Every structure is written in structure tokens, then in C-alpha cells.
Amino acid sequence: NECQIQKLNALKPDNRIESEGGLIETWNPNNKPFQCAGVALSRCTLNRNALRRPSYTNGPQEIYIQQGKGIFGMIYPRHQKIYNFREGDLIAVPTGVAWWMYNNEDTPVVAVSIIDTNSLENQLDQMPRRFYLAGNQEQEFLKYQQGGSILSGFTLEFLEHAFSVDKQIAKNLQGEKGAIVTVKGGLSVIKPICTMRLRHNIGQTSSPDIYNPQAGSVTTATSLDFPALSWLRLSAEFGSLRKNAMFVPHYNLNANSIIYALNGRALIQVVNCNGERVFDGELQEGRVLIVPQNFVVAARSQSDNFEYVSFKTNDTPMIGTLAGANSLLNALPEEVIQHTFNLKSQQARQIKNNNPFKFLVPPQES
């Protein structure tokens, strides 16, 4: 039983793959928190003039840009559409679509992303895989399984024939720097379903779904406002939490959350169906906590601010708040709350009215 977890730990990457102008970090997909969740996380950072070479995957992928500005281009089945991006942006990558990424400024692009290996679209097995169009490099997840591109595996005679070019150029196509190359002079490529928009900024926005000036803000990107996400059946949440503010106990009725802290630190508590407090610790920058589906999560911030991206596995996730304005205890008859918690008619009124805030709750004022 994958999801029968006794103790969640804040996970770190166990794989660093330094390339010419970048780095690839990957988290072990065979640790039970990731086996339960069904995703595979990764963190690609691309330095100035770096170009992530073309690659595709056997599952939906959703990329969050932690920092940097670049151009990302998809090759959906001169040249196709190139999309500009910024920090805060959420990029949708439908199953098997090949894409590439380039950074041009000093400030390295750091993009953290998830491959939902447990998707219905993933017709292979639960192993994450990346198929690169070029270069002779071992793909990020090869270590977990246990190199070349998909093009280098072909015989020269076949490439010569398919491309209709001579043996000499066929040799370069056949392999012969890792995934993230550095462009010497830099690309001079123009700065701006085939219609589908796959870029929706949830980080550096000014339209919070929930906004509390004394507690923080929380933005979400569901398929409602970011419709390419229905193709992925994936979601993402960006939250900024002030010091000692909190996000009330809650649960995702229909989704698995992968909380990746972008900044600061926060003390978190997740409890299960048995009431066991499976994680009672702190989650820091660049670390990850996986909250399984109906497990309840609570967080109190320790920084100004605690920012995070929670990749949920459902394009329309539904959260059930256990405390605050729209809670599950609030929608209860004042009498049943009395008999399930063993309370007085006066106490039940406090549990149902004392916190007027939705989702985010302000510091206690100590």
C-alpha cells in the first residue's frame, strides 16, 4: 500500500546532473511519498545563454518558473510558436509534446516541474522517462531505472534516407555538454490546440484568489482560468504567507498535493485517516512535502514570506477547509457540532464564528 505512510519527510533531490550551461535536479520517484502521489519532480536551472535541448515525456507535465525570464517553444504535431515567460508562470506540456527552453539574461532560469507518471495518458509503466531529440547524454531518470538521443539510436543509412542528406551531416544528427547546452553567441531568435494557451502566471500576479493584508495571499490556476490544464488534469497553487500567519487545516477532496517551498520556511502539520500526525516539522526553500489526497494539512509561517507552489493532481481540485469562514464545521448544524465535539451551545458558536477569515488566518498578535 503506497499511500499507507507513517512518517512523511521533507525531501531533497538525490540526483544532480551538471550540464554545460545548466543543472538538472531530480527527486527519487521510488520513495513511497512519490509512489503514493504518482508524480516525479524535477528542478532544471539554466544559466545565461543556456538552451535546454528538445525533449518529450510519456505523461502530462506542468512547469513552474521559480525565477528568470526566457523563451520556451513547443513543437506540437520557418518555425512554430515561441512563448515568452517570466517568474511566476505556469507552463502546460501535454503528453509527448516536444519542447525546448532558452535563458538570455544573467539571472538563471530555475523551473521546478512534475511529470504525472500516474496519468491515464501514461500508457507505459510508473518509471519517469525523457526522450531527447539530440545529444549523447543520459536522461535524468536513467539512474532510477537501473546514452544518446532518440535520433542517435538509428543507423546512419536510415537517417541519410529519412532526412535526405549526406552521410557527413547524418553523422551530426546521430550524436557524435549534456541536456542544457550554452549558445556561444546566443540565439537571436525573436522575442515576441495550436491556438491553446499554455502559459498562465500565478506567482507574480496581483489578482490573488484569496488575499489578506495581514496574513498573505494564495493564487490558484485551475482549468477554469487556465483551460489547457484540462488536457493535463493537473493544477498548481502559489501561496505567500507572512510570519506566523497560517493556512487553516484543510484537505484536497480530489487531488494529491506536492508542496514545494519556494522561499523561507514554515512549520507544517499533516495528519491522516487515523489521526496520526504523519509530519510535524518544517519545510524550507527548495524542499518538498507531499500531502496525499484526503490527508489534512496545516501550515504556520516562519518567514516574511513563506512562498510555495503546490502541484495538485486534478485540474479542478476541491479543498475542504476545516476552520474559517467557509469551513466544514461552519456548514454544520449548531447542534451536531455540539454532539460530535461534546460542546455547549455557546462554545459551538465560537468554533463556528471566531475565525471570520477564509483560508488564510492572520498572526495571533502576541
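In case it trips you up, residue 1 is the first one in the sequence shown, and so on.
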Counting residues of the deposited sequence that sit between residue 146 and residue 147 but have no coordinates, the total is 10 or more
Counting residues of the deposited sequence that sit between residue 176 and residue 177 but have no coordinates, the total is 4 to 9
Of 65-73 vs 321-329, the stretch with the larger average CA B-factor in the entry is 321-329
Between 259-267 and 167-175, the record assigns the higher mean Cα B factor to 167-175
Residue set 195, 182, 217, 222, per-entry CA B-factor max assigned to 195
Among 337, 309, 36, 297, the highest C-alpha B-factor in the PDB entry belongs to 337
Residue 290: C-alpha B-factor third of its chain, per the entry, is the lowest
Split the chain's modelled residues into thirds by Cα B-factor; residue 49 lands in the middle
So, residue 31's CA B-factor, relative to its chain, sits in which third? The highest
The third of the chain into which the C-alpha temperature factor of residue 247 falls is the middle
So, residue 108's CA B-factor, relative to its chain, sits in which third? The middle
